[PDB]
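One structure below.
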Amino acid sequence: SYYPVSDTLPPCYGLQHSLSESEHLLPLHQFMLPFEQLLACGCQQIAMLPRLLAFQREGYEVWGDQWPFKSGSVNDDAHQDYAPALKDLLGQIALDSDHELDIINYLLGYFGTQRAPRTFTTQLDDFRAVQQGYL
Amino acid sequence: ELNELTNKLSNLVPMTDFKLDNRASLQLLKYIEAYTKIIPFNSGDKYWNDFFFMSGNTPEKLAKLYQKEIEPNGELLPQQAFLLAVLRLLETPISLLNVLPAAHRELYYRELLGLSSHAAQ
Amino acid sequence: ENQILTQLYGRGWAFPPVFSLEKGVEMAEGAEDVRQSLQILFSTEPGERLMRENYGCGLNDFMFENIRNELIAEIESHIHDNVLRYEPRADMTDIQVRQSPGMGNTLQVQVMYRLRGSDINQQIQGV
Amino acid sequence: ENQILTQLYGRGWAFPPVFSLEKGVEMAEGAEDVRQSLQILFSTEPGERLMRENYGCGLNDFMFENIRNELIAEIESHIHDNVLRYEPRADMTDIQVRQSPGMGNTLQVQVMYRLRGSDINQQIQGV
Amino acid sequence: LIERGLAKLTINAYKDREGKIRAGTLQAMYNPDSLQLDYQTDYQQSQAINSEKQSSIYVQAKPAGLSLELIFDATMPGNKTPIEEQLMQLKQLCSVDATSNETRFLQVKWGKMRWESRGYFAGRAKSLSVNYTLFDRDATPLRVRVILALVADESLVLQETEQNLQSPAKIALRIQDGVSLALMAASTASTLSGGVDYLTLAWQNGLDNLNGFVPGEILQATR
Amino acid sequence: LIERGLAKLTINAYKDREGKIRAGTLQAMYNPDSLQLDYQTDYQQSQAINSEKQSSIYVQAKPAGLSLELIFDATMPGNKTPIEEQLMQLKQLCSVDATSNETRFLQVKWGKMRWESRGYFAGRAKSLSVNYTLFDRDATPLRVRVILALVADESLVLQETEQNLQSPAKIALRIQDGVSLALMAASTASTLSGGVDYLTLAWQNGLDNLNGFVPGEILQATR
Amino acid sequence: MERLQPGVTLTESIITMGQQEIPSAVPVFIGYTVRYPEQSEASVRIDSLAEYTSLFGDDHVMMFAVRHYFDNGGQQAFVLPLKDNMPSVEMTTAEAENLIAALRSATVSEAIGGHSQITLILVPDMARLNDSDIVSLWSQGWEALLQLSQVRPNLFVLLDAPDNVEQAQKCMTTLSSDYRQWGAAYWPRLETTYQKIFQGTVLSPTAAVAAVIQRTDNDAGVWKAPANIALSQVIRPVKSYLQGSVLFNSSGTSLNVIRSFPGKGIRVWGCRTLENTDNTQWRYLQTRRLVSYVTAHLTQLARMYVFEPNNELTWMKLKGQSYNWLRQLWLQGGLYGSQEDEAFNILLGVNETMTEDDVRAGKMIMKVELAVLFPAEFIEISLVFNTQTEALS
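Chains as they are written, first to last, in this note's numbering: chain H, 9 to 143; chain Y, 76 to 196; chain A, 357 to 483; chain E, 357 to 483; chain V, 8 to 230; chain P, 8 to 230; chain L, 242 to 634.
See the structure below:
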């Protein structure tokens, strides 16, 4: 569970205030957004650790792409115009799925065997589940 | 990568070669560049990525200042030196996360599997 | 509006934190940092800063108490030793506390301050 | 009726020592040990514990003496420095000694106490 | 309230500090007019070459001293107890006990007078000043004006347990609505001699998170 | 001006010097008649074999001492709070705090009385002298005449910032019409603990010349 | 453990605390009880909860308001029970009218108006209809309550506001009673620390405010405003504070809010009556309670010489005894004056207040005017810079 950094700031900055009552609220509340997603990646990846290090792996999915704010929160209401666009670039984590093949090479190394070398006739989607069930 | 903690941390745990995060500081700033170019700087065609990387500063140069490939000049823009100060803080949750697969393996051999290590001959 | 007073008090972020496309965040320079450093202190109340627990003027713990000469003399004492702890760059020189002529419930405090080390007037209003 | 107050005061035998077929002897837990530790002290008189010779409230050595304001002020003094010696976990906060309205001979003492280190009310009655 | 009668001064001498052995009592004929309690504390001011901050450190808290005067009489027709009997009883309280090789411990008490939150004034006699006047021609004294001066020697098993209720070893705290762990661990420093750090407070309670407490939950802060 | 009502003496005890933890208050029944503040400074006179100049050096500035007396009463029909309750509250301020192992820090304040530019008198109790008179025959006291004696222990974070506004580290100066640099660098010695030399004043401002300043220009004199 | 032989036998029966008897602040709790066993009187006085539970049953919503009233520092209180049945878990609309029709009934109006010791009333059972009631049903209950405070001189009413923010703003605007100054509404429901710490029972706020009205009456008199004082057994207001920032209106009817300050506790924030400020003088709660404190203490002086000869002598004994009391209230910091002719004034003469027929009819006319104080609810800092006037030493 992730609790936002925009909550702990003093209330005169207006982050928990009513939305867009004053005009200085919105450029501040977009400034805290990049430093929120960097901390929200750190809270996901500890919760992914039973998934990241299980021996019965089944997923493409690595470090994380979840939105930091709960859907009822006022912090969600500020960036509600571009929350569909920010979540979709957060789905760049499927492009980082080569890293998941480097953990299976590490988890197979407990039992003395390396992972298979990557070939040219892979069909890399169907290649990987063979490498997953091998572990 | 944070030599003040990682001396104390590497001495306790074996700390093998594999890391859960190979995310380098140059690799991180390209990720934050594609993030900020979506967020609209208000009522303008230009976006927030023009703010965080303002005047002659590309994320390849900011990684050079962070890794000290360039000597740190006295004048840097404050919203950028705020950003480079954040990545100095985030070396601490990353370094404790890289030390865990070395501790997951040792937990598997000694606690569950019960294996011991050979003494001196 | 010179570069000399910046060398005594430094540059910091303006308290309305408005960000611009040129020059980045708007910087409060030397004579105007110390005025805005007083505007931050009066506007926060103690306990809602994150780790600095006792930072901010507690005028909240004596309000809804009746206007007399004993409440007014407790404001001028509280507003004096609080600027001494949390504002080293601004010395207070007078406090005037009086209730307004229009609305009788509200009372208006007026803090007169000089900056330390320097006797330089501001030319006109700005930043 | 939580596990937290057990960590401050410990578990001990209940003063009505009733033994059960499940769970063994009924254990007085944390907030209820300190109440029952006061019920043991008021109920024993000094000298009838075996080797701890001076343990117990001696209210027996001043009874059959007439109810006045000087006997009442000697009870509140005696009942105060006795809970200090033999009850380190309960701090006294008020003593009310008065004679009952129904029967004039009997007088009723009422000890109000808080537990040390903790300000946690009991939710309802029990154990 | 209940009755109307004089409470009179009694000085009970105990052989030990705790108050377990009794050495004898003495009830006053007439009560004292006034009771003067004198406290005192010693402060030494720190000298330093560099700074000029006025800051005086604490050295010692001197014990209390009660000073009362009494009168004894045998002139009047109402009273018949001789003053040789009462002055022998009074000097046997300001006396070196042969059992313990010290003086005896007195407990002055009368009525509903609390001597700053004790029903008695536990202490030993520091001075005593008999002033015989108005003898009979048989040389029996008929008026005596004693001036007692005591100094406070209180029991140690009483003072051991006042420190534990003032600064306990373990605290339980009730959270209330959005006080942070950084804010709540500062509130422990009121009664824990330097508060627990906000990490070591979270480790002792077994917190899953630094903000992973509900506002109803009870935290524990041991040192 | 606004209203007409008695301001009364309150003594707030704090556990720490800065004034953050609160230990309890005590409001006086009747105010003191008089308040006596006593200051003192020690000067040692320098002896020398050669010369006969009378010049006494400065050794130490002893802290201030406030001395007030109070009275408490329960005879009168207007007042009903007992004196055992108030004298227990007063002795708990002149008391060794079990949290910090020192005495507590008192802050006497009432009304618009500034105690030489502080709204309160921060200091600890050096003495205390209860004088019970006029007991009831229940031995409850009905009149008590306390004499307090305090000694000034002020906070250090307040006294750190009075030195900085009196003698700052950096000065800015406005020139006025034909004062020389040799004359202006003597005016810095009023508030810079030995003024900057007229060369090192010209080097810090980056002067092209010793007389190369216009009268409107602002100079800076750091040490 | 021999209980009949003489000795020291401990008992479970709880005897009463020594009451202080604050005369000018004592509440009634008019609500449904489960037992209703008292057969002698109409409204009875309770002192402790353990005395109340033996006397009015257990496990109801009105008990947890008494239990929270005795935790915040109240020491005496009256209970006037409603004679009807205790409602369901949720209040049906057929049953919620049966409560407000019992509040307009003369069965509960005669017990309040006949006792003449109570100085403020309150219903803790109005928050029971906060769920599944259906907006005007709340206003039909407030107009019943403010009318109930008109039976006799010194009565006030602390009353509950609905938790829904749209429902609160509508019931503030559509109230339309001509006795609005006798009420005060405290918005959020408190989540106390009583079971069912995990799910604390949601509670009316007015039971806690009646104890702190009694608590600020003990030390600082009636002239002090009861806001900005900490509440004991509460965890949180069940609604957020920022959601109710539209409840305060400086020009319209303003509703008192209960705020949560970090590090400083849960506090009452606001001392306002229900009022629409068209030059009104009874705007704050403390002004209405001070001016009704000097009616109910000048009637105790004027009652002492009813049936007196009504000559010029017995007016100067009334103009002298009431001038001497109002000056005694003025010298406690109560009446906003730098001199006594600025604080108050009384007039009684045969050519000033009364006519020659009003002496023949047998009546005295006393005209008491008195100034009051203001509570300092807004504070404005100005922050001006003043090296202009340093004036070259």
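In this text, a Cβ means the ideal position worked out from N, Cα and C, and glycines have one as well.
Check, Outcome
"Taking the alpha-carbon positions, what's the V:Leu13 to V:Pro39 distance?", "12 Å"
"Can you look up L:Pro429 in the DSSP assignment and give me helix, strand or coil?", "coil"
"Check whether the segment 407–414 of chain A touches the segment 432–442 of chain A, counting contact only when three or more Cβ pairs, one atom from each stretch, lie closer than 8 Å.", "yes"
"Three-state secondary structure (DSSP) at H:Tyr90?", "coil"
"Quick check: P:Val203 and P:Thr195, are their CB atoms within less than 8 Å of each other?", "yes"
"Let me know the secondary structure DSSP gives V:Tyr127 once reduced to three states.", "coil"
"In terms of residues, what are the limits of the beta strand (DSSP E) holding V:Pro70?", "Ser63 to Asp80"
"Indicate whether A:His436 and A:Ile423 have their beta-carbon atoms separated by less than 8 Å.", "no"
"Within 8 Å (strictly less), CB to CB, does L:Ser533 reach chain A?", "no"
"At a CB-CB cut-off below 8 Å, which residues of chain L make contact with A:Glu421?", "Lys465, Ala466, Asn469, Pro616 and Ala617"
"Check each candidate in V:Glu10, V:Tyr37, V:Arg11 and V:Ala20 and name the one with the smallest Cα separation from V:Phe128.", "V:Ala20"
"For a test of the three-state rule: what should DSSP assign to P:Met83, helix, strand or coil?", "coil"
"Would you mind telling me which residues of chain H sit closer than 9 Å to A:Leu406, beta carbon to beta carbon, in chain order?", "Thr16, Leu17 and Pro18"
"Which same chain residues, not among the five before or five after Y:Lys94, have their C-beta less than 6 Å away from its C-beta?", "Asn173"
"When the Cα atoms are used, what is the spatial distance from E:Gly386 to L:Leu400?", "40 Å"
"Just to make sure I have the definition right: I need the residues of chain V whose C-beta is within less than 7 Å of the C-beta of P:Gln67. Which are they?", "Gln54"
"Checking 8 Å against the spacing of the C-beta atoms, do L:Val479 and L:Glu407 come in under that value?", "no"
"Measuring straight from C-alpha to C-alpha, what distance separates L:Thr555 and L:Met595?", "14 Å"
"Give the C-beta separation of L:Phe615 and A:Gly460 to the nearest angstrom, bearing in mind that I take them to be a contact with Cβ-Cβ under 8 Å.", "5 Å"
"Under the three-state reduction of DSSP, which class applies to H:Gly80: helix, strand or coil?", "coil"
"Which stretch, first to last residue, makes up the beta strand (DSSP E) that contains E:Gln452?", "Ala446 to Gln455"
"I need the straight-line Cα distance from L:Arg508 to L:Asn469, nearest angstrom please.", "6 Å"
"With 16 other CB atoms within 10 Å as the buried threshold, where does L:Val307 fall?", "buried"
"According to DSSP, simplified to helix, strand and coil, what is residue 34 of chain Y?", "Outside the shown range of chain Y (76 to 196) lies residue 34 of chain Y, about which nothing can therefore be said."
"Counting only the same chain and skipping the five closest in sequence on each side, list residues whose C-beta sits under 8 Å from that of E:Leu394.", "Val439, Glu443, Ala446, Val467 and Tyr469"
"Quick one: does E:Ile451 have its CB under 8 Å from some CB of chain L?", "no"
"Could you tell me if H:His37 is buried or exposed, where buried requires 16 or more neighbouring beta carbons within 10 angstroms of its beta carbon?", "buried"
"Tell me the rounded alpha-carbon separation between V:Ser41 and L:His538.", "41 Å"
"For the alpha helix (DSSP H) containing H:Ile54, list its first residue and its last residue.", "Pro42 to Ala55"
"Enumerate, from N- to C-terminal direction, the unbroken alpha helix (DSSP H) stretches of 4 or more residues contained entirely within the segment 345–400 of chain L.", "347–356 and 377–389"
"Could you tell me which chain L residues have their CB closer than 9 Å to the CB of V:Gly202, listed as they occur along the chain?", "Under the 9 Å cutoff, chain L gives no residues; its nearest Cβ is about 14 Å from V:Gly202."
"Got a sec: is the Cβ-Cβ distance from H:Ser81 to anything in chain V below 8 Å?", "no"
"Verify the CB distance criterion: does V:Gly185 have a CB-CB separation below 8 Å to chain L?", "yes"
"Let me check one thing: in DSSP terms, what residues is H:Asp104 bridge-paired to?", "According to DSSP, H:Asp104 bridges with nothing at all."
"So, helix, strand or coil for L:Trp423, using DSSP?", "coil"
"At a Cβ cut of 9 Å, what residues of the segment 114–145 of chain P count as close to chain V, listed as they run along the chain?", "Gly130, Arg131, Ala132, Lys133, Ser134, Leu135, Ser136, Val137, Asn138, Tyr139, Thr140, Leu141, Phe142, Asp143, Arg144 and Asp145"
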